[PDB]
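Positions -1 to 382, 387 to 546, 549 to 551, 554 to 588 (the deposited numbering) are the ones given, in order, by the sequence shown.
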Amino acid sequence: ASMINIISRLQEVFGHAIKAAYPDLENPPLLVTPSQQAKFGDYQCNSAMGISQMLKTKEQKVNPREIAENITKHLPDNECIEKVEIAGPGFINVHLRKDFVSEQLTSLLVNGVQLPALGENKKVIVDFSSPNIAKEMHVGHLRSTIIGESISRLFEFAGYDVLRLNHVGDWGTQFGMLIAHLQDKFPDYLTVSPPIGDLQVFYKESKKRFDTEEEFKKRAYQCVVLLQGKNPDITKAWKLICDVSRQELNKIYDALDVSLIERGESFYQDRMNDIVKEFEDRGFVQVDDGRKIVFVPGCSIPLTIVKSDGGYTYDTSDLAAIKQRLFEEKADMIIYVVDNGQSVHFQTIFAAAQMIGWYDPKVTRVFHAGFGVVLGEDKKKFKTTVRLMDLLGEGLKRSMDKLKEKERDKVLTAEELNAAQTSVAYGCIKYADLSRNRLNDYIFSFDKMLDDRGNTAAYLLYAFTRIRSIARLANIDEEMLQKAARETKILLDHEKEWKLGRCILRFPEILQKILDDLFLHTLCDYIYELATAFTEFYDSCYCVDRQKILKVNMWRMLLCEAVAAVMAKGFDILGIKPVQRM
Ligand SMILES: N=C(N)NOCC[C@H](N)C(=O)O
């Protein structure tokens, strides 16, 4: 059946009701918001607010309370509204049908937590992680990965078709010295696949030679020209270096549970040729100091698309990239998950793209999802540079250390030696990030994100186990619960079970908002809000003598399951893999 965006529903029935009360008005505000207080109803409509101000005139100000009246007067029949109240000025407070909420709570237990999805299959392309080959994958790359994996999942769950592209820096000029060095240190690479160790100790070996030996430097620069010329021997040496890089990288994408089509800058070697010609032939190119540059009317900087020496650039690659994503992949939306240091870069690229006619931003969504830098607690850059695998190993350890109080004796081997340990570590590292606005800088603290209390993954993961233990400890297997759900009316007479009930149905309205601003932290803020609504429900209501059985209220067994299902999905979107026991 799939869940209902209640906010979008109330917006439909108010726009019907507003068109009736003021049909001569054009595009009136349909600001419907959840009431975050018991008395004011379950949703609020602040629409007589902006409607009064549209009718405002030099010497006449229509009082909003009289509008709200004229609005409620024409409210159609529905399936979700009990009564309507007017407070203050023209606030319209809305009360939901208990029946409606109950029926909806049920529907997601039998049909399950799934979204309605679309009437057209749009194609979202998400550009994330993107480390630079031969250089360490750094924490800023980590954010992108985490944020990108989660964004990809939100659209995947929303019914979109999603292309996860790892746009890796595998076409740098630094390959020159690596390849030239590889040919020195391992003169049989063509035949004996060379044992290159740590790619960082190798790179170091090169930049020394580069900065030291002048005849080596020239060789290095020549290798780049030869590589771009697609030379057989030189290219093989390149493939082999990216190979050693690729398998160290997968160790990380594996641990963080991340799927990615690798499609580096090198993928566009030929399109770049055509792009340069395509900008030339439309007269957008200007020659400055031997560079072919492009000025975009409005932008603070120019794109360099050919250097003085014939070599392409980041701008060249990202121009080729957006043309093919728009034309061959035929995307309806493109998302770039890249550190905010490069904000200007994408606004100029996107501009350049409109300028040459590649897309109509009214029609195709192109979006830079930016993020702040990673800091230590001393509120400056995060360094020691930190290897990502080290960070995670140091996460796994710490996660384990916590668990030794004293759960190594309760949970069995699997439930703990992985399940709880890993699900907590990786879960915290993702959650600490996503729970904070992606734009603000991020303070990476093992101590803060591993805290057993507060707004951490740790608390919410533990919290999850308790919701699951309830119907477990009272011995009600899945088979029973599914039959209960199919036959039980769900009861919401008690205040705190009404809070929890409508909090639950807010899941769609939450995710929709995130499809528009890509602010995932409002989902974490929702998992915490849901999680807290539950405790307040549990601490007063009974689900389950002073001898054994305190009777089972089967409908509250289902409430617990509703809460569980929705947290389960919310976790999945965020990239958290919850355990049951811990
Ligand atoms: N420009 C695109 N498509 N992705 O960003 C690439 C990130 C780059 N490799 C870096 O090191 O920042």
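Note that CB positions come from ideal geometry on N, CA and C, so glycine has one too.
Please state whether DSSP places residue 404 in a helix, a strand or coil.
helix
Residue from 315, 129 and 141 whose Cα sits closest to the Cα of residue 581:
141
Helix, strand or coil for residue 230 per DSSP?
helix
Please name the residue in 305, 353 and 308 whose C-alpha comes closest to that of residue 321.
353
Residue from 488, 278 and 48 whose Cα sits closest to the Cα of residue 65:
48
When DSSP labels each residue in this structure, what does residue 479 get in the three-state scheme?
coil
Buried or exposed: which applies to residue 535, given that a residue is buried once 16 or more other Cβ atoms fall within 10 Å of its Cβ?
buried
Per the DSSP calculation, residue 32 is bridged to which residue(s)?
41
Taking its Cβ as the centre, do 16 or more other Cβ atoms sit within 10 Å of residue 423, making it buried, or is it exposed?
buried
Answer yes if the segment 98 to 115 comes into contact with the segment 507 to 520, meaning at least three C-beta pairs across the two stretches below 8 Å, and no otherwise.
yes
Run through the segment 96 to 146 for me and flag every whole beta strand (DSSP E) of 3 or more residues, listed as ranges in chain order.
121 to 125
For residue 470, I'd like the list of residues in its chain whose CB is within less than 7 Å of its CB, leaving aside the five on either flank, ordered along the chain.
570 and 586
Sorry if obvious, but does the Cβ on residue 130 come closer than 7 Å to a heavy atom of ligand 1?
yes
Is residue 325 buried or exposed, if buried means 16 or more other CB atoms sit within 10 Å of its CB?
exposed
Answer with buried or exposed for residue 185, where buried requires no fewer than 16 other C-beta atoms within 10 angstroms of its C-beta.
exposed
Ligand 1 and residue 166: does the residue's C-beta get closer than 7 Å to at least one heavy atom of that ligand?
yes
Compute the minimum distance between the beta carbon of residue 350 and the heavy atoms of ligand 3, and state whether it is under 7 Å.
What this structure holds is ligand 1, not ligand 3.
Let's test the definition: count the other Cβ atoms within 10 Å of the Cβ of residue 441 and tell me whether it reaches 16, buried, or not, exposed.
exposed
Sorted by chain position, which residues of the same chain lie with C-beta nearer than 6 Å to residue 200's C-beta, five sequence neighbours on each side aside?
194
Can you tell me which of the three DSSP states residue 352 falls into?
helix
For residue 468 and residue 387, what's the separation of their Cα atoms in angstroms?
40 Å
Span separating the alpha-carbon of residue 38 from that of residue 498:
15 Å
If you run the structure through DSSP and keep just helix, strand and coil, what is residue 284?
strand
Distance, residue 158 Cα to residue 0 Cα:
15 Å
Assigned secondary structure, residue 365 (DSSP; H/G/I helix, E/B strand, else coil)
strand
Rounded to a whole number of angstroms, what is the C-alpha to C-alpha distance between residue 364 and residue 512?
22 Å
Could you have a look at residue 252 and say whether DSSP puts it in helix, strand or coil?
helix
With a threshold of 6 Å on Cβ separation, who are the neighbours of residue 161 within its own chain once the five nearest residues in sequence on each side are excluded?
123
Under 8 Å: do the segment 307 to 318 and the segment 339 to 354 share three or more Cβ pairs, one atom per stretch?
yes
Compare the beta carbon distance of residue 333 and residue 149 with 8 Å and say whether it is the shorter of the two.
yes
Indicate whether the contact test is met: 3 or more Cβ pairs, each with one atom in the segment 248 to 267 and one in the segment 337 to 346, closer than 8 Å.
no
Measuring straight from C-alpha to C-alpha, what distance separates residue 205 and residue 426?
40 Å
Residue 430 and residue 460 look like a contact to me (Cβ under 8 Å); what is the Cβ gap, rounded to whole Å?
6 Å
Leaving aside the five residues before and after residue 398 along the sequence, list all residues of the same chain whose C-beta is less than 6 Å from its C-beta, in chain order.
427
Taking only the alpha-carbon atoms, compute the straight-line gap between residue 451 and residue 42 and give it to the nearest angstrom.
35 Å
Determine the direct distance from the alpha carbon of residue 16 to that of residue 72, and round the result to whole angstroms.
7 Å
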